[PDB]
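> Just passing along the structure, written as structure tokens.
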Amino acid sequence: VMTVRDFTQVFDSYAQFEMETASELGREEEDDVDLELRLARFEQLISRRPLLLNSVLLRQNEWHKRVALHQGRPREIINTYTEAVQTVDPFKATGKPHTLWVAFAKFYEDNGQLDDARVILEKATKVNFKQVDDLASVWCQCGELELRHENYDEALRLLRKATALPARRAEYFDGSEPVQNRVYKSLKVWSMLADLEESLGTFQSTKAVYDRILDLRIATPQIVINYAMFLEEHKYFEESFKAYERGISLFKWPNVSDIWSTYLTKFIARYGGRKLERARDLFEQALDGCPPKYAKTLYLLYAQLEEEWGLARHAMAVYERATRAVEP
Amino acid sequence: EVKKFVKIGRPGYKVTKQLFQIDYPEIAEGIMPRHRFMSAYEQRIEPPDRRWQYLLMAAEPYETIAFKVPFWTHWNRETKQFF
Amino acid sequence: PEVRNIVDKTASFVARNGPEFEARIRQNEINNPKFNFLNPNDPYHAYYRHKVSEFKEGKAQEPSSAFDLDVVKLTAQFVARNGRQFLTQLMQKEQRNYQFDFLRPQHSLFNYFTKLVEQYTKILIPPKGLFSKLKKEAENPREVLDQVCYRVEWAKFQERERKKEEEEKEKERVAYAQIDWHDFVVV
């Protein structure tokens with residue numbers, strides 16, 4: 001056939017008497033050519049079931065993988081899942097092939113919970129230099145599957161093994177993205193490994209250093225999680241200084257250094273001795289720069305702490321010194 | 001100077017023969033297109049079998065409408081169409 | 001298409017107000033990657049800065065002898081009185097058993113016949129000698145001075161027209177004499 005509606009003629013004949021070329025025309029010209037004509041011919045031969053018009057006609061004019069897989073979802077084309085898990089169109093993609101290995105692992109879950117789940121996981125794990133978080137996110141999705149299977153011990157096996165194995169290559173090889181982008185990724189990777197702090201325990205006292213070398217560049221988002229973990233596993237002066245410098249030395253405009261000053265003062269009190277020289281001295285050394293981050297957040301520590309010191313004289317010296325720096 | 005400031009931008013000739021018509025961008029200049037049909041003997045290669053000739057109407061802002069050849073014209077400027 | 005709509009949106013805002021508003025908005029929202037497409041930080045950098053050019057220039061779409069002279073005088077007398085395009089006093093003279101040698105338009109004498117007809121019309125306009133005659137000519141050297149100056153002004157405009165036409169033709173001839181002579185090619 002060389003024209004259209006020849007499809008419908010063949011359909012009428014086969015129907016009164018009741019074809020991948022119709023699919024080749026279901027994936028036809030790009031922008032609004034038919035997207036429905038060969039679809040209607042194959043889907044109204046008489047009518048039996050398209051079962052592929054949806055997938056092919058939605059891959060004609062990413063998420064075309066879902067556009068396919070939702071056609072015959074649970075088990076109707078249960079054998080055609082082989083084709084339906086495919087989104088290849090061989091090209092460069094970001095989140096798409098890692099998402100695709102994750103989706104074939106979910107298909108494996110529905111198919112037997114192991115039949116190609118870790119197969120697809122390892123397949124995507126044997127990819128090019130990391131340099132990007134799509135691969136780390138697919139491997140950590142596989143690790144989330146590990147922690148999901150409720151197997152605590154072997155889930156920690158998978159977490160440790162293939163979440164400290166990215167610690168050999170988390171990011172920074174090549175690309176038009178020049179920022180390494182390993183810090184937050186491998187922070188979430190350590191989160192999935194241990195010290196998730198909301199689900200699992202069994203993190204050692206060295207878990208704080210694990211989180212530190214799990215950032216390995218900086219932890220600006222996770223100064224909070226690092227502070228919590230450090231004052232849980234240690235609850236000491238190293239933890240206090242860790243949280244302080246975690247907010248202070250990571251990023252300016254103190255969305256971190258305000259909470260860092262709070263951590264420094266409150267920890268130097270409730271771990272390192274109360275009302276002492278260390279609290280107020282570290283407080284001054286932390287909030288020296290301390291612009292009006294919110295309104296004025298560099299006196300609300302030292303003035304009140306010099307008043308808690310108990311001495312009217314030092315409290316008054318610090319009160320004049322802070323009121324001469326109240327509202328600049 | 002006509003050739004020393006001759007920017008060769010490489011736009012195309014989008015014309016139909018069959019009476020030769022082209023579409024072209026507006027250079028904003030009083031120069032109208034100049035055409036001529038000549039012999040195919042001048043080029044930086046000169047492949048043999050040079051008896052077929054170049055009928056070309058060239059202008060400033062467009063790649064000129066040239067072709068084999070085997071006033072009586074004009075260019076509508078507010079509409080940007082050469083006939 | 002979130003990143004697509006972001007690149008196209010920054011493209012419309014930069015097709016309207018430009019990379020200066022890019023620097024402004026990036027300094028205002030460079031804490032969050034919602035402006036990372038207008039900054040070096042997102043993958044929509046190239047697509048964005050080019051789509052601004054596209055939607056600005058008009059490539060992108062909104063995001064979604066005495067005897068012969070006497071005979072000519074008689075031809076003018078007939079063309080002054082010919083009152084219909086197909087009815088006149090000369091339709092009979094053409095095929096009415098005589099010679100009609102000024103009746104040709106392909107004869108060059110047709111042009112002198114047209115001039116004689118213009119003269120008969122210059123006599124047949126009511127202001128030309130039918131029933132009204134104005135004396136601003138018979139006793140008017142001031143209107144005559146006005147008319148001399150009017151001819152002179154037409155002459156000045158015409159001299160300018162001739163000079164501009166000569167210049168335009170010379171420039172166009174030089175342009176054809178410098179037109180593309182090497183890259184002859186067809187599409």
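Each chain of the structure tokens is named A, B, ... in the order shown, its residues numbered from 1; ligands are numbered from 1 in display order.
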Can you tell me, as a PyMOL selection string, which residues in region 30-92 of chain C count as alpha helix (DSSP H) by DSSP?

chain C and resi 45-57+66-81+91-92

> Do me a favour and pick out the residues of chain A within 9 Å of chain C, using only C-alpha atoms, as a list in words.

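Residues satisfying the distance criterion: residues 176, 177, 178 and 179 of chain A.
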
> Taking only C-alpha atoms into account, find every residue of chain B that has an atom no more than 8 Å from chain C, and write it out as a ChimeraX atom specification.

/B:2-3,13-14,31-32,34-35,42-44,54,56,58-59,65-68

> Name all residues at most 12 Å from residue 123 (chain A) (count only C-alpha atoms; drop same-chain ones fewer than 3 positions away) and give them as number ranges by chain.

A: 97-98, 100-102, 104-105, 116-120, 126-128, 135, 138-139, 142

> CA of residue 37 (chain C) and CA of residue 249 (chain A) are how many Å apart?

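It comes out at 27.7 Å.
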
> CA of residue 115 (chain A) and CA of residue 129 (chain A) are how many Å apart?

26.9 Å

> Separation of CA of residue 62 (chain B) and CA of residue 11 (chain B), in Å?

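Between CA of residue 62 (chain B) and CA of residue 11 (chain B) the gap works out to 5.5 Å.
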
> Could you pull out all residues of chain B with a DSSP call of strand (DSSP E) and give them as a list in words?

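Everything in chain B that counts as strand (DSSP E) is residues 14, 15, 16, 17, 20, 21, 22, 23, 34, 35, 36, 37, 38, 54, 55, 56, 57, 58, 65, 66, 67, 68, 75, 76, 81 and 82 of chain B.
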